[PDB]
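Here we start with a single chain on its own, the form deposited in one PDB entry, put down as structure tokens.
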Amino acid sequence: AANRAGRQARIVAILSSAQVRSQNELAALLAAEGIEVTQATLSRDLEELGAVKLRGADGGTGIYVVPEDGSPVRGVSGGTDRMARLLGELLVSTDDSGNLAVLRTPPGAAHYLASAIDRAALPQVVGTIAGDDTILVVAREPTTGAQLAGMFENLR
């Protein structure tokens, strides 16, 4: 049987490319991998892991994310899909000014969406900077912030 450290390692791997909305779902997911634990232990794992539960862009219940310090950062679509999933879950609205796209997310969710956007390495994005509930996305010339905002708006 996998020890705590080993289980927690799987938790992080699962939360990285999933939209886990409850502790029981995390359990169902771990069970598929042969790891059986209760919600009580999960409630504790997520904690000594720093993982938090963000709110959804629509106001309801959000997802669990882990304060990842970097990689694994790669998938089939090159990050395009994970970004699209997080956009639908965390993008509250979009706006622009000059060469800047301004995106709003629930509080505390900005960094995660921003990492996801960086990971997808979009060709018209020079880079992003996330605050608490806002992300500034810099468009690469000749792309305008308005164009980028429209692109994100279509994935909201």
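A residue's number is simply how far along the shown sequence it sits, counting from 1. Only residues modelled in both forms are compared. The term rigid core refers to the most C-alpha atoms you can superpose between the two forms while keeping them within 1.5 Å.
When the mean C-alpha temperature factors of 56-64 and 103-111 are read from the deposited coordinates, 56-64 comes out higher. The mean C-alpha temperature factor is higher for 45-53 when 118-126 and 45-53 are set side by side. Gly131: CA B factor lies in the lowest third for its chain, per the PDB record. In this PDB entry, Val138 carries a Cα temperature factor that places it within the lowest third of its chain's modelled residues. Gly34: CA B factor lies in the middle third for its chain, per the PDB record.
From this point on, the text means the form deposited in another entry, which you will not see here.
Here the rigid core is superposed between this form and the one not shown, and of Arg119, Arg55, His111, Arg104 the C-alpha of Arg55 is the only one to shift by 2 Å or more.
In the other form, the CA atoms of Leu54 and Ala121 come closer by at least 3 angstroms compared with the shown structure. Note: the CA-CA distance for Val20 and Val92 expands in the other form relative to this form, by 3 angstroms or more.
After superposition on the rigid core, only one stretch of three or more consecutive residues whose Cα atoms move by at least 2 Å between this form and the one not shown is found, at 3-76.
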